[PDB]
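Encoded as structure tokens, the structure appears first; notes follow it.
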Amino acid sequence: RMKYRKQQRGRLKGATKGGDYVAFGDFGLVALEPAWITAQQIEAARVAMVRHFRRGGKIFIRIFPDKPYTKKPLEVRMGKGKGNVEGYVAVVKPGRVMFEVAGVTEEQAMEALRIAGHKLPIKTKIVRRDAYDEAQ
Amino acid sequence: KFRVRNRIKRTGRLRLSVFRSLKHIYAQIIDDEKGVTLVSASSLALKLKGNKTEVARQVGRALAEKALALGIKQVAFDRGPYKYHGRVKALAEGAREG
Amino acid sequence: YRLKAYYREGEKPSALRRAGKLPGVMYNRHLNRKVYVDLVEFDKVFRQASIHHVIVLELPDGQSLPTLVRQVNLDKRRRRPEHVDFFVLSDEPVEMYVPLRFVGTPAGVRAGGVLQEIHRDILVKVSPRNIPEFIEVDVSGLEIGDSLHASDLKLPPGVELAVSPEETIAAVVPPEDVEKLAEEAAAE
Amino acid sequence: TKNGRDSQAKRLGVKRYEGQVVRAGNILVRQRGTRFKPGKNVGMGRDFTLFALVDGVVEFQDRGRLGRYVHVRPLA
Amino acid sequence: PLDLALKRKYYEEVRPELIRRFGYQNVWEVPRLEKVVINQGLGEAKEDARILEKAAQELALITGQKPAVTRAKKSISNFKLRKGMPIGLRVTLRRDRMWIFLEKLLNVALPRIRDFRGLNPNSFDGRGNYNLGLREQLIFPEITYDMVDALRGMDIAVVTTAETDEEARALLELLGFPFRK
Amino acid sequence: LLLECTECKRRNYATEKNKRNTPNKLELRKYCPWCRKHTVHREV
Amino acid sequence: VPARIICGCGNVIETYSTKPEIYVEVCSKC
RNA sequence: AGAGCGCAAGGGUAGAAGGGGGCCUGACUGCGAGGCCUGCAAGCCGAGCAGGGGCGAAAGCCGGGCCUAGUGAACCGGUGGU
RNA sequence: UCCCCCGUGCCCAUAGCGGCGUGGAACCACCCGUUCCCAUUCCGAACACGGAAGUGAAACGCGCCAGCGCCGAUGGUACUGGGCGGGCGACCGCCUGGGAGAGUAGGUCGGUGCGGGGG
Ligand SMILES: [Mg+2]
Ligand SMILES: [Mg+2]
Ligand SMILES: [Mg+2]
Ligand SMILES: [Mg+2]
Ligand SMILES: [Mg+2]
Ligand SMILES: [Mg+2]
Ligand SMILES: [Mg+2]
Ligand SMILES: [Mg+2]
Ligand SMILES: [Mg+2]
Ligand SMILES: [Mg+2]
Ligand SMILES: [Mg+2]
Ligand SMILES: [Mg+2]
Ligand SMILES: [Mg+2]
Ligand SMILES: [Mg+2]
Ligand SMILES: [Mg+2]
Ligand SMILES: [Mg+2]
Ligand SMILES: [Mg+2]
Ligand SMILES: [Mg+2]
Ligand SMILES: [Mg+2]
Ligand SMILES: [Mg+2]
Ligand SMILES: [Mg+2]
Ligand SMILES: [Mg+2]
Ligand SMILES: [Mg+2]
Ligand SMILES: [Mg+2]
Ligand SMILES: [Mg+2]
Ligand SMILES: [Mg+2]
Ligand SMILES: [Mg+2]
Ligand SMILES: [Mg+2]
Ligand SMILES: [Mg+2]
Ligand SMILES: [Mg+2]
Ligand SMILES: [Mg+2]
Ligand SMILES: [Mg+2]
Ligand SMILES: [Mg+2]
Ligand SMILES: [Mg+2]
Ligand SMILES: [Mg+2]
Ligand SMILES: [Mg+2]
Ligand SMILES: [Mg+2]
Ligand SMILES: [Mg+2]
Ligand SMILES: [Mg+2]
Ligand SMILES: [Mg+2]
Ligand SMILES: [Mg+2]
Ligand SMILES: [Mg+2]
Ligand SMILES: [Mg+2]
Ligand SMILES: [Mg+2]
Ligand SMILES: [Mg+2]
Ligand SMILES: [Mg+2]
Ligand SMILES: [Mg+2]
Ligand SMILES: [Mg+2]
Ligand SMILES: [Mg+2]
Ligand SMILES: [Mg+2]
Ligand SMILES: [Mg+2]
Ligand SMILES: [Mg+2]
Ligand SMILES: [Mg+2]
Ligand SMILES: [Mg+2]
Ligand SMILES: [Mg+2]
Ligand SMILES: [Mg+2]
Ligand SMILES: [Mg+2]
């Protein structure tokens, strides 16, 4: 990344902007609950995805961690946490679309996404595609 | 450009918009905060002969007669994007000389 | 397609949905009217119908209006339609996203590649009479690393691209298995 | 660390409001820059402080490009 | 001194020729020469203020006018310059002294140039103007060899009502400009 | 450097601030005393 | 003043510039 | 207007507060209607009046710097004056 | 009263950017000239003065077009004064009053005072 050191905690209000619509690929993965998604959680999912289907199509990761995760070294109260221990996270609210696959079968996707679910903290759902866009 | 114009606007009343042409020289006593001209002594497009400078002096005296009649006297001049030196000079020059 | 619409007036927008009716509104350069279709009906209708083909709405006034969904408000928090726009057409030309059937076996998938596909539909100025079920896309000569743009589209008669004459349409990206996992894990 | 620092509050902003009777000289509005412009019977000082020049009522006048002005309409 | 060769050359020669090659409708549309400008990149005379006067006075003669100065503003740490101090020479000339200079140009300066070949036809700003570079300044008439302490270079430009370089190319060629075809 | 201006042919001072090495050795700026009005003020 | 360009090759043009005695060479005549 | 506005950041600003010349030293004295702020003390803005003066043809501007930091009650003592 | 101009104040991009067309009788500009008042760190480009003739090319004035810019409903949300309910909790839901942003329809090459010259 690049920007600057430490950030507020902030609360996770309504699932508003946290949520979208399958914007790429055929199938997708959507969050049901709010949470901070770690960098290791994303990588854990992505790798479990591709590793499932070797030489797979294309995997889109629409969420992205930019929030520095603060944390203290097991002492007390001097100043702000050094942080960064868990690295960073992504403000994922219910309805959001983390991953979506493309150029692959329905079984491969239905399994791969199912797998990349357990790798995540949140209880999730898999959406197909429909036609819900914005046109005429 | 019109810095000067803005300066006088906030000054008070009875602005003297001296717009001069390459051959003409009009002059209006516009009172702001309402936008209305009073004494509008034109030049070439009025009656006067043909001699910019000397014409300017007289048109100034023209305002004077029409002005002192309406009970005006605030010499709120308007340089109007023009260097005070020549044509415009005579305007207020004669206008204030009487 | 057909769809049984109704006039709305004072019915509570929220309390309405609980019943089973989807709020919506029809309008054009001269029209504007509170309406409300049925969820289940609109669903199966709009499933195929979507926003490429036209749908005439049968109001109790016997009026058959040639409308199409100019916009839909999808409800966040588990997808589902909240509200529906209905643009009524006439005879003057009107812009709209027309489908696109990419047809062919590109060189990309041959050398093991990926079916990339940007605009799965394209907005284009067109007369209301012209209702192209779709547009042929000659994707086949497309190899890995290559792409297809708007300036290269096959336009049917009486139609123009109401977009940028350079926009992309599709592409061919690589896989991403072992070669990247082993390499990326160390090179980072 | 090395942070706990801050200059005390300056308590600026709109001091008087539209429709308020004012003496001669009451600071109408203290401000950082030119968030408000002068106007009819309204002067300003080194800090851009806006203040009445006459007695009357405050009024605000938005003018897009020109900006926001504030004046006092005299009366007695 | 309103009278010279190039003066009438534009009038009784180039004026009607332009009406031929493209044809106009008004005399104020015909591409008119009206602004010549000179320039010198003097990052050199930054140290010596003396060398600055020399370049300007040699310039005053060749330009047949009064020279001027123009310092930098957002300057080169890399080359010993910083803010408002150094120098750059410039002198704009128009009207009569403009034509007199163009005369010394294609009748004295251009000829005795080091292996002159012509003026690069690409040196058009795309619009109706032209910029050219020159090394030795002694190629000018009044300049004596036993006087130039340094072969200070400089580049000149020229503005015209031309809106296309085709109009410019035709206009300048008719003016007697030896274009390297 | 703290500076103090004196009056000519009189005994009056004034608040000032000169510069040490910076181009400024003397101070010949005019000023206004209480006795009479306006007379040149030297540094001193 | 009429600057007479005395270019050494067979050309003497009466232009206008400082000092009529303008000693040049290799002008437009050659 | 993303520059510049001596320096942090910010608000402001080319219809100048920015860049450049000409004349000049209002980086004046004697005051101060009325206010902002405020526990106290302190800090802040200020029209206008009298004196004498500067720049401008003039209406007019000038009681230091675009503004918000650049500082220290009282005591004791130093130097110059009525 | 009606129409074209010239000066100027109000509304503050629905006034603008760009494209095409048009006006020189009047008005304005460009323009002729650089002796006088005056001027450019260099130039009569700009300020300035005296003025034939030529032009409406540039500039400005007036029209038309919407491609950029700008303006922009309605419906439905998000959010939320006040009230309250469920669950163990991270949070979710209803009643009452208020209600955006974005997006769709759509609009837009300006309204307008006062004085003056001209038929
Ligand atoms: Mg950093
Ligand atoms: Mg830090
Ligand atoms: Mg943080
Ligand atoms: Mg979603
Ligand atoms: Mg402890
Ligand atoms: Mg799980
Ligand atoms: Mg008005
Ligand atoms: Mg079809
Ligand atoms: Mg290739
Ligand atoms: Mg390629
Ligand atoms: Mg291609
Ligand atoms: Mg604190
Ligand atoms: Mg504070
Ligand atoms: Mg003051
Ligand atoms: Mg100040
Ligand atoms: Mg520079
Ligand atoms: Mg010889
Ligand atoms: Mg700025
Ligand atoms: Mg100042
Ligand atoms: Mg500058
Ligand atoms: Mg300066
Ligand atoms: Mg100065
Ligand atoms: Mg007080
Ligand atoms: Mg107090
Ligand atoms: Mg202070
Ligand atoms: Mg006296
Ligand atoms: Mg001051
Ligand atoms: Mg300061
Ligand atoms: Mg200053
Ligand atoms: Mg402040
Ligand atoms: Mg003590
Ligand atoms: Mg008419
Ligand atoms: Mg015509
Ligand atoms: Mg001529
Ligand atoms: Mg001269
Ligand atoms: Mg002379
Ligand atoms: Mg200059
Ligand atoms: Mg001239
Ligand atoms: Mg034309
Ligand atoms: Mg035009
Ligand atoms: Mg448009
Ligand atoms: Mg907009
Ligand atoms: Mg607005
Ligand atoms: Mg809107
Ligand atoms: Mg609404
Ligand atoms: Mg209340
Ligand atoms: Mg509450
Ligand atoms: Mg309500
Ligand atoms: Mg609103
Ligand atoms: Mg809206
Ligand atoms: Mg928008
Ligand atoms: Mg209109
Ligand atoms: Mg209108
Ligand atoms: Mg008007
Ligand atoms: Mg009217
Ligand atoms: Mg008639
Ligand atoms: Mg007639």
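What follows is calculated from the coordinates using simple rules that are stated; it is not laboratory data. Ideal geometry is used to build each Cβ from the backbone, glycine not excepted, and the neighbour counts take in all protein chains shown.
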Within chain B, longest stretch clear of exposed GluC sites (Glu not before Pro) (DSSP loop, no more than 15 other Cβ within 10 Å): B:34-96
Computed P(r) (all Cα pairs; the range A:1-91; 10 Å bins; percent): 13, 37, 32, 14, 4, 0
Whole-Hz couplings from phi, Karplus 6.51/-1.76/1.60, listed for the range C:85-94; x for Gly and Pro: 8, 9, 7, 7, 8, 9, 9, 5, x, 9
MRE, 222 nm, helices only [DSSP H, n ≥ 4, -39500 (n - 2.57), over the protein assembly as shown, to nearest 500]: -5500 deg cm²/dmol
For D:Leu28, residues with placed amide H under 5 Å, excluding near neighbours: D:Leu50, D:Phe51, D:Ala52
The range A:30-136 - Debye-derived log10 I(q)/I(0), Cα point model, q = 0.13, 0.15 Å⁻¹: -0.56, -0.69
Coordinate range along principal axes, alpha carbons of chain F, Å, largest first: 35, 14, 13
Helix A:39-52 axis, angle to chain A major axis (alpha carbon atoms, nearest 10°): 30
Helix A:106-118 axis, angle to chain A major axis (alpha carbon atoms, nearest 10°): 20
Span per principal axis, largest first, for the Cα atoms of the range C:69-110 (Å): 44, 39, 9
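Rounded to two decimals, what ratio of Rg to Rh does the range A:27-74 give with C-alpha atoms and a Kirkwood Rh? Working shown, then result.
Working: Rg = 13.8 Å, Rh = 13.0 Å.
Ratio of gyration radius to Kirkwood radius for the range A:27-74: 1.06.
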Flagged links, alpha-carbon separation over 25 Å, of B:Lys34/B:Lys66; B:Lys34/D:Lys40; B:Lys34/D:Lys37; A:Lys72/D:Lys2; A:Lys93/A:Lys125; A:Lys72/C:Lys76: A:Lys72/C:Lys76
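Shielding by partners for C:54-66, please: the mean number of other protein chain Cβ atoms within 10 Å of each residue's Cβ. If you can, show how the numbers build up before the last one.
Values: counts 1, 0, 0, 0, 0, 0, 0, 0, 0, 0, 0, 0, 0.
Mean shielding count: 0.
Please state, as a whole number in µm²/s, the translational diffusion coefficient that the Stokes-Einstein equation yields for chain C at 25 °C and 0.890 mPa s, with Rh defined as the Kirkwood radius across alpha carbon pairs.
D = 126 µm²/s.
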The range B:41-92: trypsin sites (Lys or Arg not before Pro) in DSSP coil with no more than 13 other Cβ atoms inside 10 Å: B:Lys47, B:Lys49, B:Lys73, B:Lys83
Global size of the range C:104-188 as Cα Rg and Dmax, reported in angstrom: 17.1, 59
Angle in degrees between helix B:52-70 and the longest Cα principal axis of chain B, rounded to the nearest 10: 50
Relative contact order of the range E:55-181, pairs being alpha-carbon contacts under 8 Å that are 6 or more residues apart, as %: 23
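How would chain D be classified by its alpha-carbon gyration tensor: rounded, prolate or oblate, with rounded meaning a/c under 1.5 and the a/b versus b/c comparison settling the rest? The partial results should precede the final answer.
Values: a/c = 2.85, a/b = 1.96, b/c = 1.46.
Prolate is the answer for chain D, as a/c is 1.5 or above and a/b outweighs b/c.
Go through chain F and name the chymotrypsin sites (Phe, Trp or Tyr not before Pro) that are in a DSSP coil and have 15 or fewer other Cβ atoms within 10 Å of their Cβ.
On the way: sites: F:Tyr13, F:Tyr31, F:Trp34; in loops: F:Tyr13, F:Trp34.
Here the sparse-neighbourhood loop sites are F:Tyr13, F:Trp34.
Is there a quick way to get the dipole size of the range A:53-136? I mean about its Cα centre, with the Cβ of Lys and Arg at +1 and of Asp and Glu at -1; what is the value in debye to the nearest 20? Present the calculation step by step, with values, prior to reporting the outcome.
On the way: 18 positive and 10 negative charges, 107 e Å.
Its charge dipole is roughly 520 debye.
If I take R0 = 30 Å and measure r between the Cβ atoms of B:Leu22 and E:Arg20 in this structure, what FRET efficiency does the formula 1/(1 + (r/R0)^6) give, to the nearest 0.05?
0.30
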Unit Cα scatterers, Debye sum, the range E:77-181: log10 I(q)/I(0) for q = 0.22 Å⁻¹: -1.30
Percent RCO, i.e. relative contact order, over chain A, from Cα pairs under 8 Å lying at least 6 residues apart: 41
Cα-only radius of gyration and Dmax that characterise the range E:7-144, units Å: 18.2, 54
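Determine the shape class of chain B: with a ≥ b ≥ c the square roots of the Cα gyration tensor eigenvalues, call it rounded for a/c under 1.5, and otherwise prolate if a/b is greater than b/c, oblate otherwise. Don't skip to the answer; put the middle values down first.
Details: a/c = 1.76, a/b = 1.25, b/c = 1.41.
Oblate.
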Cα Rg, Dmax, the range C:2-76, angstrom units: 12.0, 35
Qualifying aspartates and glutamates (Cα of each under 17 Å from Cα of D:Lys15; at least 8 residues distant if same chain): D:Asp47, D:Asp55, D:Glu59
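When 1/r is averaged over all different Cα pairs and the result inverted, which Kirkwood radius in Å belongs to the range E:35-111? Mind showing how you got there, number by number?
Details: mean 1/r = 0.0735 Å⁻¹.
Hydrodynamic radius (Kirkwood, Cα only) of the range E:35-111 equals 13.6 Å.
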Shielding of A:19-29 by partner chains, average beta-carbon count, 10 Å: 2
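Per residue, how much space in cubic angstrom lies within the convex hull of the C-alpha atoms of the protein assembly as shown?
Working: hull volume 328.9 nm³, N = 753.
Cα convex hull per residue, to the nearest whole number: 437 Å³.
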Residue-averaged beta-carbon neighbours from other chains (10 angstrom radius) around G:15-27: 6
Neighbourhood net charge (14 Å Cβ-Cβ; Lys/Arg +1, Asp/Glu -1) for C:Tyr27: +4
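Return the subset of B:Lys52/B:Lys83; A:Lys123/C:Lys180; B:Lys1/B:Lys47; A:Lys119/C:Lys180; B:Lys1/E:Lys74 for which the Cα-Cα distance in this structure is over 26 Å, preserving the input order.
Values: B:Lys52/B:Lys83 15 Å; A:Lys123/C:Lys180 29 Å; B:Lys1/B:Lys47 31 Å; A:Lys119/C:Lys180 20 Å; B:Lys1/E:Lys74 28 Å.
Flagged as over cut-off: A:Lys123/C:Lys180; B:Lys1/B:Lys47; B:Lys1/E:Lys74.
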Built amide H within the under 5 Å cut-off of C:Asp177, gap 5+: A:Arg55, A:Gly56
Exposure proxy order (Cβ contacts within 10 Å, fewest to most) of F:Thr39, E:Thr160, A:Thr16: A:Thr16, F:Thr39, E:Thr160
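Nearest 5 is fine: what % of DSSP beta bridges in the range C:1-145 come out antiparallel, could you say?
70
Between the DSSP loop rule and a limit of at most 11 other Cβ atoms within 10 Å, which trypsin sites (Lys or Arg not before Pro) in the range E:81-148 are left? Please list the in-between numbers first.
Numbers: sites: E:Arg82, E:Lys83, E:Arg90, E:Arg94, E:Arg95, E:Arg97, E:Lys104, E:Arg112, E:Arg114, E:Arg117, E:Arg127, E:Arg135; in loops: E:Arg82, E:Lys83, E:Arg94, E:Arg112, E:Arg114, E:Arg117, E:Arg127, E:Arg135.
Of the trypsin sites (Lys or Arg not before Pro), the ones in loops of the range E:81-148 whose Cβ has at most 11 other Cβ atoms within 10 Å are E:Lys83, E:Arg114, E:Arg117.
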